[PDB]
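Residue numbers (full-length UniProt numbering), protein chains in the order written: chain Z, 115 to 129, 131 to 171; chain W, 30 to 134, 143 to 173; chain E, 18 to 92, 100 to 127; chain H, 11 to 43, 55 to 84, 106 to 109, 111 to 166, 169 to 214; chain X, 1561 to 1585; chain V, 1 to 31, 50 to 140; chain S, 90 to 99.
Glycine included, every Cβ here is placed at the ideal spot set by N, Cα and C.
Here is the structure we will look at, set down as structure tokens.
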Amino acid sequence: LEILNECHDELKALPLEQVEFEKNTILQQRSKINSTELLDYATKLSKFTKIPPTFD
Amino acid sequence: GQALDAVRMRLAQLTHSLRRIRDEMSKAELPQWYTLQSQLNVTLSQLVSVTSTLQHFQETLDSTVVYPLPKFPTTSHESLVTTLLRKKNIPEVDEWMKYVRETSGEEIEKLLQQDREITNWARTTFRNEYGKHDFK
Amino acid sequence: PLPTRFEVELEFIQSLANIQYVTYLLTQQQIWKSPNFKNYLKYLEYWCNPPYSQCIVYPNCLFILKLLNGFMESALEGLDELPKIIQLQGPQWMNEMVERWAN
Amino acid sequence: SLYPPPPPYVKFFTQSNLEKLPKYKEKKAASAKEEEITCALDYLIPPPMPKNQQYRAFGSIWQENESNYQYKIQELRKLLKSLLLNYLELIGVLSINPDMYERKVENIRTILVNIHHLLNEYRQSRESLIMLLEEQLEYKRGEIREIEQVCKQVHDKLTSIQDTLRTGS
Amino acid sequence: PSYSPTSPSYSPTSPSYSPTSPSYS
Amino acid sequence: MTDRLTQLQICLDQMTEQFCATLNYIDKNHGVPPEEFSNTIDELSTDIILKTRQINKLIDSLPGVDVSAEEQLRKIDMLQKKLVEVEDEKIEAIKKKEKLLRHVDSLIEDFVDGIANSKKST
Amino acid sequence: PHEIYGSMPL
């Protein structure tokens, strides 16, 4: 009974509903925003966020 | 250096008294009123002595010229250097005397001499009043 | 030519990211005392949605103004702690900005 | 000063202006059925996007399923071979008649510059999206597979215990 | 000797009030 | 891991630095013994050749180097699709695992109650 | 919101 109790505890430790709301939020957030603006903004921030090794 | 040394020791004892009154006010329970009065009077008269001694040796302090050490590194301690370097007053005192001057607001000179004569007259009047009644 | 109000408001928003600018602005009494400045700050909130957010140059101010938004119900007091707190909370705030955008 | 002054219109909008904005915009819409500034309340109306969809600043201009490349590859390979050949010829120029060496130097640089152009069309955001895609995909597959592995081993242990207790009956 | 030294009362959190104005050329 | 584009930039920068160092050695050494100079230059030329071959083997190893980006577009789209179904399947998997989990919990509670009222039955 | 509540140990 003890060992199956820790098996139950460790199984419960690994996740239920919270993960599926989080996956949902990911899906509508991805669907709402188009990839063109994201790629343009990433290219425009590539110069600022990434510190070049030759910048003294 | 002697004048600045005396200023140092007196200001150090003043800061010690400030630390004292601080750690006896920081207690959750307020001590008796009389101890607070004693601490207040001692620290405040000590502040008076600080002011008087700083007044006495203005020439020695003015003659001294400030210069950073050759060994002192400014690259790593520039923040610490700037901390002591800055001298501008706290703003609230600034607008405090600005409103004070706003409220206060040859003519000025003759009002000044009129104040002189009022002061002298009042002093003489109270000397006469004190002399009128025997206080011994 | 005279720049449009778009350009000046965008440049103001992107300049709000500077800690020195924020410290200077909060140093003066009448800037925070006047409700006009905070009204404009709340008006600026509508740039967090596209396509306006695509025109920003530094996303950090996006939180800073929001942080400045918090300043209207947190108090001026705390002005001294502003550089220390931004330096300390830069990591987690950058992480949450990345989570908001990069994911 | 070091810090430019706040914008002027900022001081025009008080709380009263904010609360009277709805009726003001209703009246403006009713009347309507570069924007001239005839009233102090005009700025709260959202500014219109320029028709040219362009923005100028500091002398610079600014404005779907992811939401012959072999020709470029062979062009890059032949350009690299020609760059090595031109480097050899230029160092030979330095060897024999260096006085006119610069006459080739910038030429080689042009090819190098062309290489940079050849990078511009090849620009990589989609490739970064792909690599992030597979890394989180494989991470979630690993997590999933360890989940069914651990639950299956727990179930096997439970069945073994059930058999053990049945044997002891 | 020395009865007790002074506790460090540094205030780095103090924002300072240095006036900055001659930046424009 | 390091993205191969960053590796390509590092490789080209190292190649440029190697050419600069080789030509600097040539400029500051022409006139050193001829044998040592020739040996060092042979080593430098071998370095040039090897750097060229890592350049070649990295440029052709870029997935998608010879693949048109639009079939990447469809493959990425179907990847998010099958992803949607795989977290869905994980939803049913976790819910039935929790179902069997609290079946196990219910039988645990029943067995514990049986033990308790049996050992207090005497 | 419930993610934090469900993800923390007792």
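DSSP state of residue i mapped onto helix, strand, coil
| i | result |
| --- | --- |
| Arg-166 of chain H | coil |
| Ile-119 of chain W | coil |
| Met-15 of chain V | helix |
| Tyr-1570 of chain X | coil |
| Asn-149 of chain Z | coil |
| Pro-32 of chain H | helix |
| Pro-98 of chain S | coil |
| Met-126 of chain W | helix |
| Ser-78 of chain W | helix |
| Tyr-1563 of chain X | coil |
| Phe-170 of chain Z | coil |
| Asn-107 of chain H | coil |
| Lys-72 of chain H | coil |
| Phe-22 of chain H | helix |
| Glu-56 of chain H | coil |
| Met-54 of chain W | helix |
| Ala-41 of chain W | helix |
| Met-1 of chain V | coil |
| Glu-179 of chain H | helix |
| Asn-66 of chain E | coil |
Endpoints, the alpha helix (DSSP H) within which residue i is located
| i | result |
| --- | --- |
| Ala-78 of chain H | Not the alpha helix (DSSP H): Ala-78 of chain H falls in the beta strand (DSSP E), residues 76-78. |
| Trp-117 of chain E | 106-125 |
| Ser-136 of chain V | 87-137 |
| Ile-66 of chain H | Segment: none, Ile-66 of chain H is in no alpha helix (DSSP H) and carries neither H nor E. |
| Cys-78 of chain E | 77-87 |
| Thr-89 of chain W | 87-92 |
| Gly-213 of chain H | Careful: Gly-213 of chain H lies outside any alpha helix (DSSP H) and carries neither H nor E. |
| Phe-29 of chain E | 22-32 |
| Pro-52 of chain E | 52-60 |
| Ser-108 of chain W | 103-114 |
| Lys-100 of chain W | Unbroken run through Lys-100 of chain W: none, as it is neither H nor E. |
| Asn-119 of chain Z | 116-127 |
| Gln-71 of chain E | Note, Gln-71 of chain E: premise wrong, no alpha helix (DSSP H); not H, not E. |
| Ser-63 of chain V | 52-77 |
| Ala-159 of chain W | 144-169 |
| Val-83 of chain V | Note, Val-83 of chain V: premise wrong, no alpha helix (DSSP H); not H, not E. |
Nearest to residue i (by Cα), restricted to the options the options
| i | options | result |
| --- | --- | --- |
| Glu-105 of chain E | X:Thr-1573, X:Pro-1565, X:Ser-1562 | X:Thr-1573 |
| residue 45 of chain H | H:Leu-210, H:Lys-38, H:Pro-68, H:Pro-67 | One cannot assign coordinates to residue 45 of chain H, given that chain H in this structure leaps from 43 to 55. |
| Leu-80 of chain V | V:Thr-6, V:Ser-139, V:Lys-137 | V:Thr-6 |
| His-91 of chain S | Z:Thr-151, Z:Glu-132, Z:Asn-149, Z:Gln-143 | Z:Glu-132 |
| residue 95 of chain E | Z:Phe-170, Z:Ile-141, Z:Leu-160 | This model leaves out residue 95 of chain E; its place in chain E lies between 92 and 100, and no residues are given there. |
| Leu-101 of chain V | H:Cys-196, H:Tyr-144, H:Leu-178 | H:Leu-178 |
| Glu-61 of chain V | V:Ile-26, V:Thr-2, V:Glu-116 | V:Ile-26 |
| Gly-95 of chain S | Z:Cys-121, Z:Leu-115, Z:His-122, Z:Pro-129 | Z:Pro-129 |
| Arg-145 of chain Z | V:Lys-99, V:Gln-18, V:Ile-133, V:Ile-126 | V:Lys-99 |
| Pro-18 of chain E | H:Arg-146, H:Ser-205, H:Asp-142, H:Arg-77 | H:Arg-77 |
| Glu-137 of chain Z | V:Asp-106, V:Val-130, V:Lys-115, V:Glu-127 | V:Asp-106 |
| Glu-62 of chain E | E:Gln-45, E:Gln-46, E:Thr-44, E:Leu-84 | E:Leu-84 |
| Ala-111 of chain V | H:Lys-43, H:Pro-32, H:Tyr-13, H:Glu-191 | H:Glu-191 |
| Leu-76 of chain W | W:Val-110, W:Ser-92, W:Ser-46, W:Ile-119 | W:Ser-46 |
| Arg-39 of chain W | W:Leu-69, W:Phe-86, W:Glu-58, W:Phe-101 | W:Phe-86 |
| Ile-93 of chain S | Z:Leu-153, Z:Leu-115, Z:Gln-143, Z:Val-134 | Z:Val-134 |
| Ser-81 of chain W | W:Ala-32, W:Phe-172, W:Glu-166 | W:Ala-32 |
Beta-carbon contacts of residue i that lie in its chain and below 6 Å, excluding the five residues immediately before and after
| i | result |
| --- | --- |
| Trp-117 of chain E | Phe-80 |
| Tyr-38 of chain E | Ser-32 |
| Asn-150 of chain H | none |
| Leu-43 of chain W | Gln-75, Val-79 |
Residues near residue i in its chain [Cβ-Cβ closer than 7 Å; skip 5 each side]
| i | result |
| --- | --- |
| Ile-117 of chain Z | none |
| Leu-83 of chain W | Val-36 |
| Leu-76 of chain V | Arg-4, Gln-7, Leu-8, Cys-11 |
| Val-74 of chain E | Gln-31 |
| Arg-171 of chain H | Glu-108 |
| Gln-72 of chain V | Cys-11 |
| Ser-70 of chain E | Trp-64 |
Closer than 9 Å to chain A by CB, residue i
| i | result |
| --- | --- |
| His-45 of chain W | Although the question refers to chain A, the structure presented lacks it and instead comprises the protein chains Z, W, E, H, X, V and S. |
Beta strand (DSSP E) segment containing residue i, residue limits
| i | result |
| --- | --- |
| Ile-82 of chain H | 81-83 |
Own chain partners of residue i with C-beta closer than 8 Å, once the 5 adjacent residues on each side are dropped
| i | result |
| --- | --- |
| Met-121 of chain E | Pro-76, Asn-77, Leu-79, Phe-80 |
| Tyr-156 of chain Z | none |
| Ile-50 of chain W | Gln-68, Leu-69, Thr-72 |
Can you list the beta strand (DSSP E) stretches of 3 or more residues lying completely in the segment 113-144 of chain H, in chain order? none
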